[PDB]
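These notes concern the structure reproduced below.
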Amino acid sequence: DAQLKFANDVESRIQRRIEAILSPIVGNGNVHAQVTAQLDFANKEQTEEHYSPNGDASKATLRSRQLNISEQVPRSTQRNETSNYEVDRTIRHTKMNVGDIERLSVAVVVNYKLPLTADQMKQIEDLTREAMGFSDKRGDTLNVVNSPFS
Amino acid sequence: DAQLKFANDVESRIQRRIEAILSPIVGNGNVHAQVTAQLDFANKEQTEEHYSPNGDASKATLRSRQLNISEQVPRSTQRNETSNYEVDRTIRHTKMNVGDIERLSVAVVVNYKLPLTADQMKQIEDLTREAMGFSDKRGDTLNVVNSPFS
Amino acid sequence: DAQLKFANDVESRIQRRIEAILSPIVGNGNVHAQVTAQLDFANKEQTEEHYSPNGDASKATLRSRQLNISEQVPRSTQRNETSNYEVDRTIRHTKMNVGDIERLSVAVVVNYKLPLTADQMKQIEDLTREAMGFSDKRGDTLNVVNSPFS
Amino acid sequence: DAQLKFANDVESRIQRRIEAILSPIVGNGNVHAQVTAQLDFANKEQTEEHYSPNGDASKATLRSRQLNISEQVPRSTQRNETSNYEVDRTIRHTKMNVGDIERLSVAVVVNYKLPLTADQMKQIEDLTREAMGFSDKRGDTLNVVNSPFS
Amino acid sequence: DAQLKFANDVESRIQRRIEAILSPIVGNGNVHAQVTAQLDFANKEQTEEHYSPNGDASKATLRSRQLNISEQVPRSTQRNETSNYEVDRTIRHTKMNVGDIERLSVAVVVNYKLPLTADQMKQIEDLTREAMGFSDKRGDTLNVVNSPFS
């Protein structure tokens, strides 16, 4: 129902931003872009519970203790040891948001003026990458191609 | 719904600030910038509970104790020791805010006047970095390019 | 919602103060500054509980005691010792404030008059640092650059 | 909300005081100052509980006692000793105030008349330090610079 | 809120007193002073509980006693001794006042007439110190400087 409208709005934002940043370099209307946004709407909760290790005796936190030591001499021995500890704790209750951007894909066409060089193409690709909100974490994809218009 | 409007407002703030600081150096309208803000809306709580180590006998905090020591002479021995401790404690209840900036990305175009030199470009990049609120913690990204306008 | 307005007010205060202190040295309007304030709105509590160490017998605080000592002569021995202590205590309930400044970033442009020397630039940087409320604890950043206006 | 107004009032007080003390020496309006006050609004309580040491037998406060001593002659011995003490105590309930000054930073410009000498500059710095309410505990910072006005 | 007004009143009192005592010596209006009062508003209670030592047998206060002594002759012996004491006690409930002066700082300028000598300066400093309510306990600070007026 409304999910399509929300996705369309996000795509329109990113498209107008890319065109508005790249227009002053190449011209008024010699560039077009279309973006496809993979939105996620799955309601999601979470509850971590982290404990810091207290195995090493250097920073254990003893609340109690009992250390009995017998020794006879045929060197019989004995060593009992009860220990009650205290432990750190961290608890988060993260309730994710419905409507985030999980992945993007952008295709941009640039006009001749007649080929545009390689350095200018690379810097234009870089401007677009930075204007998208690019992130190699989400697996985003970009491809800018140069071909004469008609 | 409103998340897009809030993000648009934040982006507009940062954009107008960058342009207003960089305009007096390069000219009235010979620079443009577009920023993409990755906002986070996930409701999040937290509860730490930290304990200071009292393993070392130099600063333990004994509440009780009982130290029995027998010894016969065939040097039989014995050593019992019960200890009850007291421990420090820290407890925080951090309820994060919904609407913070998790990551930024800024693309800026500067005009010729005809190339601008390298030192001026570097100081302009540095001004922009400082005016953004840049932070290598959040993974922010900046790229300023110089190309003739049309 | 209102967080942007509060941040804008804080930034306006710091900006007007920096410009008002630096204007009489360099001129009426030959300087501009823009500041970006990283505000924190996360509601936060805390509860410390500190205990002073009473391990050393020089300043323990005994409430009770029982020290039995037997000895026979084959020098058999015995030594029992029960001890009940009293301990210091400190308890704070710190409820942090929502709306503090976690980090600042300031960019300032100064006009030619034609380069300004190095000593004057250093003292101007120092005036700005002192007028900000600078603090190397919060990780604040400052950068003042000199470039001709237009 | 109102925290900014309170901070502005405190800063105005300190600024007018510094200017009013330093004006009669250097002139009517040949000095300006701007101060940045780091105020603290975190609600804070506290509860100490101090105990004076009674380990040394020179000033213990015995409420009871029981000292049994047997001895046979093969010099067998015995010594039991129960002791009940009384201890001093101090208890404070300090509820800190919301709105104190945690740190200050002052920047002052003085006019030529043409350089002002070093001794006069040092005594002016000292007057300002004393008029601020300076304190090396809070980490306050002062810097007075001399530069011709325009 | 009102704390600033109370502090201003205290400062005005001390300032008018210092000027009124120092005026008849140096002249009608050839001296100015400005004081900065560090007031404390933290609500504070207290409860001491002091016990006088009764370890020494010279002034113990026995309520009961039981001293058994056996002796056989191989000189076997025995000595049991139970003692119940009575102890002094002092209890204060000090509820501090909100609005006391924790620290002062005074800066005074005196006019030429042309330097004023060292003895007169020292006695003027001493008059000011005595008129303040000076106290090396609170860490108060005074500095009087002589410079020509304009």
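Residue numbers (the entry's author numbering), protein chains in the order written: chain Ct, 232 to 304, 355 to 394, 402 to 438; chain Cs, 232 to 304, 355 to 394, 402 to 438; chain Cr, 232 to 304, 355 to 394, 402 to 438; chain Cq, 232 to 304, 355 to 394, 402 to 438; chain Cp, 232 to 304, 355 to 394, 402 to 438. Where is the CB? At the ideal position from N, CA and C, for every residue including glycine.
Cβ-based burial, residue i [other Cβ within 10 Å; buried from 16]
i, result
"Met377 of chain Cp", "exposed"
"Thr429 of chain Ct", "exposed"
"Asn434 of chain Cr", "buried"
"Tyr282 of chain Cs", "buried"
"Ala419 of chain Cs", "buried"
"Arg247 of chain Cs", "exposed"
"residue 345 of chain Cp", "Here chain Cp breaks off after 304 and picks up again at 355, leaving residue 345 of chain Cp without coordinates."
Sub-9 Å separation of residue i and residue j beta-carbons
i, j, result
"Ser295 of chain Cr", "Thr278 of chain Cr", "no"
"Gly380 of chain Ct", "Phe272 of chain Ct", "yes"
"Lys410 of chain Cr", "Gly286 of chain Cq", "no"
"residue 396 of chain Cs", "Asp232 of chain Cr", "The residue list of chain Cs ends a segment at 394 and starts the next at 402, so residue 396 of chain Cs has no coordinates to report."
"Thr416 of chain Cr", "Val390 of chain Cr", "no"
"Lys394 of chain Cp", "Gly258 of chain Cp", "yes"
Cβ neighbours of residue i in the same chain (closer than 8 Å, five flanking residues each side left out)
i, result
"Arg426 of chain Ct", "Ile382, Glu383, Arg384 and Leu385"
"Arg370 of chain Cp", "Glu280, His281 and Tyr282"
"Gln359 of chain Cs", "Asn299, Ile300, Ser301 and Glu302"
"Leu270 of chain Cs", "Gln234, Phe237, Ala238, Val241, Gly380, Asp381, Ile382 and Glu383"
"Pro284 of chain Cs", "none"
"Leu402 of chain Cq", "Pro436"
Nearest-angstrom beta carbon gap, residue j and residue i [assumed within contact, 8 Å]
i, j, result
"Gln265 of chain Cr", "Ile256 of chain Cs", "At roughly 12 Å, the Cβ-Cβ gap does not stay under 8 Å, so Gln265 of chain Cr and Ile256 of chain Cs are not in contact."
"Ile372 of chain Cs", "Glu280 of chain Cs", "5 Å"
"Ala268 of chain Cr", "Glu250 of chain Cr", "Not quite, the Cβ-Cβ distance comes to about 16 Å (not below 8 Å), so this is no contact."
"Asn431 of chain Cr", "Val262 of chain Cr", "Not really, about 14 Å apart at Cβ, beyond 8 Å."
"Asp240 of chain Cs", "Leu404 of chain Cr", "Going by Cβ atoms, the distance from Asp240 of chain Cs to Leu404 of chain Cr rounds to 37 Å, so no, they are not a contact pair."
"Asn299 of chain Ct", "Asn361 of chain Cs", "5 Å"
"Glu302 of chain Cr", "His374 of chain Cs", "Wrong, their Cβ atoms sit about 57 Å apart, outside the cutoff."
Close beta carbons around residue i, own chain, < 7 Å, minus the five adjacent residues each side
i, result
"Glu367 of chain Cs", "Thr292 and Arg294"
"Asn274 of chain Cq", "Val379"
Other residues of its chain near residue i: CB distance less than 6 Å, five sequence neighbours each side excluded
i, result
"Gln297 of chain Cs", "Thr363"
"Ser254 of chain Cq", "none"
"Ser357 of chain Cq", "none"
Given a limit of 7 Å on CB to CB distance, which residues of the segment 356-370 of chain Cp reach chain Cq?
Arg356, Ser357, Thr358, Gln359, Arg360, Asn361, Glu362, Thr363, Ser364, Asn365, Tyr366 and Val368
Near-chain Cs residues of the segment 284-299 of chain Ct (beta-carbon distance less than 8 Å), N- to C-terminal order
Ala288, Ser289, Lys290, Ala291, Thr292, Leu293, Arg294, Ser295, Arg296, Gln297, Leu298 and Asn299
Give me the subset of the segment 250-282 of chain Cs whose CB atoms are less than 9 Å from a CB atom of chain Ct, sorted by chain position.
Listed by position along the chain: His263, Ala264, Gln265, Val266, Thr267, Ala268, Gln269, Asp271, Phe272, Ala273, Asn274, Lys275, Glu276, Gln277, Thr278, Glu279, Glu280, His281 and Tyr282.
For the segment 410-432 of chain Cr, which residues have a CB atom closer than 8 Å to at least one CB atom of chain Cs, in sequence order?
Answer in chain order: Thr429, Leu430 and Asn431.
Can you list, in chain order, the residues of the segment 232-246 of chain Cs whose Cβ is nearer than 9 Å to any Cβ on chain Ct?
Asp232, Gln234, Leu235, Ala238, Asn239 and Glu242
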